[PDB]
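A.B. asks: before the rest arrives, take these chain(s) from the complex:
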Amino acid sequence: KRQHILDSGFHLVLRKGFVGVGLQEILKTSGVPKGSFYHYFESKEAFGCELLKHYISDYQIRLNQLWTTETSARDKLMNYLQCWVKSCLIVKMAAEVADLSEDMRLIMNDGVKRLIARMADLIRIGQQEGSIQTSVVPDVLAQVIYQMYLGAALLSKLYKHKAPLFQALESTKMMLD
């Protein structure tokens, strides 16, 4: 199976990144023999493209689970942000950008922008309902929140604990007011 190659591949890029890992290593961790890679996939690069589309699609599914719900924009947003506390991928991919192909880098870039855009739509609905009581423009707040969390996550990784991200949830409560 082809999903078992993708899945085994996904767990390796989580640990090792995309560039640094060769086509050899992906074959052993999945068990599957070496001739069989090119049955399922045209190349390392078409494989990468397919992981990321799958990562992106699965991400939009989690999002919909999380935000097609009976609660208020603010709660949806806090729900989502809380899930960061329990993407080290954006870091690894940002850490390797020079070596990413354009096609892959553009996928990720489009993904992130759809993400920020949807956070903003939810800030707007929020401000509309009256659950988010700040006046700052959605497209701006979305970005501040998102950038804050990527930075908190970088420092959590580095520090080997989550105090940055716990501060980031506290600070969000203040900004939504």
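C.D. replies: Cool, got the structure. Residues are numbered from 1 along each chain as shown, chains lettered A, B, ... in the order given.
A.B. asks: flag every buried residue along stretch A:144-157.
C.D. replies: Buried residues in stretch A:144-157, counting neighbours by 16 or more other CB atoms under 10 Å, are found at A:145, A:146, A:148, A:149, A:150, A:152, A:153, A:155, A:156. C-beta coordinates here come from the backbone N, C-alpha and C atoms, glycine included.
A.B. asks: over to stretch A:162-173?
C.D. replies: A:162, A:164, A:165, A:168, A:169, A:172.
A.B. asks: out of these, who's nearest residue A:119?
C.D. replies: residue A:172 (11.2 Å; CB to CB).
A.B. asks: which elements pack onto the helix or strand in which the closest one is found?
C.D. replies: Per DSSP states H and E: residue A:172 is located in helix A:163-175. Applying 3 or more CB pairs under 8 Å, 6 or more residues apart in numbering; DSSP states H and E, we find helix A:163-175 packed against helix A:73-82, helix A:138-159.
A.B. asks: OK, contacts around residue A:100?
C.D. replies: By CB atoms under 8 Å, 6 or more residues apart in numbering, the contact list for residue A:100 reads A:18, A:19, A:93, A:108.
A.B. asks: quick one, phi/psi of it?
C.D. replies: phi -60, psi 140 (degrees, to the nearest 10).
A.B. asks: cool, residue A:90 as well?
C.D. replies: The phi/psi pair for residue A:90 (degrees, to the nearest 10) is phi -50, psi -40.
A.B. asks: roughly how far apart are it and residue A:128?
C.D. replies: Remark: distance between residue A:90 and residue A:128 (CB to CB, to the nearest Å) = 29 Å.
A.B. asks: tell me which stretches of chain A form helices.
C.D. replies: Using DSSP state H, the helices assigned to chain A run over residues A:3-16, A:23-29, A:37-40, A:44-67, A:73-82, A:89-94, A:102-129, A:138-159, A:163-175.
A.B. asks: quick revisit: want to throw the helices and strands packed on helix A:163-175 into CSV with distance to residue A:24?
C.D. replies: Output for the helices and strands packed on helix A:163-175, formatted as CSV (distance: least, CB to CB, whole Å):
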stretch, distance to residue A:24
helix A:73-82, 38
helix A:138-159, 28
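A.B. asks: as chain B, please add this:
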Amino acid sequence: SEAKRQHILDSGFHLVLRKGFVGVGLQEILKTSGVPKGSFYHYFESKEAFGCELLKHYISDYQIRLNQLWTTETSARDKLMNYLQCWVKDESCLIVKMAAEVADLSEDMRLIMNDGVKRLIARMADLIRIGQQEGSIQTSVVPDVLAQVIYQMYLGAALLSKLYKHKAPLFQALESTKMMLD
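C.D. replies: Placed with the earlier chains, chain B looks like this:
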């Protein structure tokens, strides 16, 4: 001698912005610097000693560069917008790189880096508080929170800027840091 030592560190430093630390061998490091191995080993006993000295030298120069930027006779606020504006001109890659490969970093190097970053947030903190004392920073948000917020948002903006390959996100962080100080 001391200038040679510095050359080697500066060679190494460039290498590490491009390729990280754990990824590289001494060979690339020797090739980059132009120094024979026997020589390099007079200065540093191992790839690891050298990594520790590289980060220390980085932090040491960073704080000297902060001492300059911030001992003029301007506002706390303007001092802080200055620094940040410098962030935006093109450091943040080093934290992104090293965060990326944190699983393979020696504890020694991780501790040195961690403490550097903790000190920087605390200098920003000191400066936000000085600015609130004088009335140049009108926000009431406590300094220790605001310095984290600001520093976290800039790292995440630096990360997206690499992903997008232009600095739109860092430009917005700049414009946003002004709302937050008022």
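A.B. asks: mind redoing the buried residues of stretch A:162-173 now chain B's in there?
C.D. replies: Going by neighbour count (16 or more other CB atoms under 10 Å in any protein chain shown), the buried part of stretch A:162-173 is A:162, A:164, A:165, A:167, A:168, A:169, A:171, A:172.
A.B. asks: ok, and which of these reach chain B?
C.D. replies: When contact is defined as CB under 8 Å from any CB of the partner chain, the buried residues of stretch A:162-173 meet chain B at A:164, A:167, A:168, A:171.
A.B. asks: one step back: contacts for the helix holding residue A:172, please.
C.D. replies: Helix A:163-175 has contacts (CB atoms under 8 Å, 6 or more residues apart in numbering or on different chains) with A:78, A:81-82, A:84-85, A:134, A:136, A:141, A:144-145, A:148-149, A:151-153, A:155-156, B:141, B:145, B:148-149, B:152.
A.B. asks: can you list the buried residues in stretch A:3-19?
C.D. replies: Going by 16+ other CB under 10 Å, stretch A:3-19 has these buried residues: A:5, A:6, A:8, A:9, A:12, A:13, A:17, A:18, A:19.
A.B. asks: could you tell me which residues make contact with the fifth one?
C.D. replies: For residue A:12, the residues meeting the contact criterion (CB under 8 Å, 6+ apart) are A:21, A:25, A:26, A:29.
A.B. asks: among the residues you listed, which are within reach of chain B?
C.D. replies: Counting by CB under 8 Å from any CB, no member of these reaches chain B.
A.B. asks: JSON lines for the residues you listed, including neighbour count?
C.D. replies: Output for these, formatted as JSON lines (neighbours: other CB atoms under 10 Å in any protein chain shown):
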{"residue": "A:21", "neighbour count": "16"}
{"residue": "A:25", "neighbour count": "14"}
{"residue": "A:26", "neighbour count": "20"}
{"residue": "A:29", "neighbour count": "14"}
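A.B. asks: quick check: the farthest pair among these?
C.D. replies: Across those, no pair lies farther apart than A:21 and A:29, at 9.6 Å, counting by CB to CB.
A.B. asks: relative to chain B, how far out is the one residue sitting closest to the centre of chain A?
C.D. replies: Nearest to the geometric centre of chain A sits residue A:87, at 4.5 Å (CA atoms, centre = their mean). Look at residue A:87 and chain B: by CB to the nearest CB, to the nearest Å, they are 10 Å apart.
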